[PDB]
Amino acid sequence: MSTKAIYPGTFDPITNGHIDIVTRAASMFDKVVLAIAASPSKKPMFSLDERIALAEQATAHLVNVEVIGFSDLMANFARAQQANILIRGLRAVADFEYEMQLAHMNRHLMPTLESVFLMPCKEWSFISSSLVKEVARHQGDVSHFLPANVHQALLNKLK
């Protein structure tokens, strides 16, 4: 009943793994905002506008998904968006501790916000989006891991 979720991340760039997560989120909640962090601590390969553009194209086929940049705490953005659900992808064990921490902090910041964890398809279990960049930087075939539009934009960035 009127479920609204945010799916925050850097999405530098968005990968088939992300698409899978947001697709499955969009299948179980009424609305999903794919929230792109504006000022990440790490210098991203793509600008906020570029990242939004690529994500938009890659998720245009999802009716109930909307891309939006944000610069605040993901907890504050969720409050502004009147989201009661926070989507987090769970790839590996190492990340689990951090994700527990973040959920407990987010509970502290906004107790009505519910963190929800999804695992990726086996296909995308071992892709990193930093391993994808790194492989691409040193001239490898990453076509299987990215949406066509994203792959093109990445090829251009390495010239």
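Residues carry their position along the shown sequence, with the first being 1.
Mean CA temperature factor is higher for 57 to 65 when stretches 57 to 65 and 99 to 107 are set side by side in the entry. Higher mean CA B-factor, judged across 150 to 158 and 2 to 10 from the recorded values: 150 to 158.
Set against one another, the Cα B-factors of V33, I52, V132, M28 in the record reach their highest point at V132.
Ranking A94, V116, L113, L90 by Cα temperature factor from the entry places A94 first.
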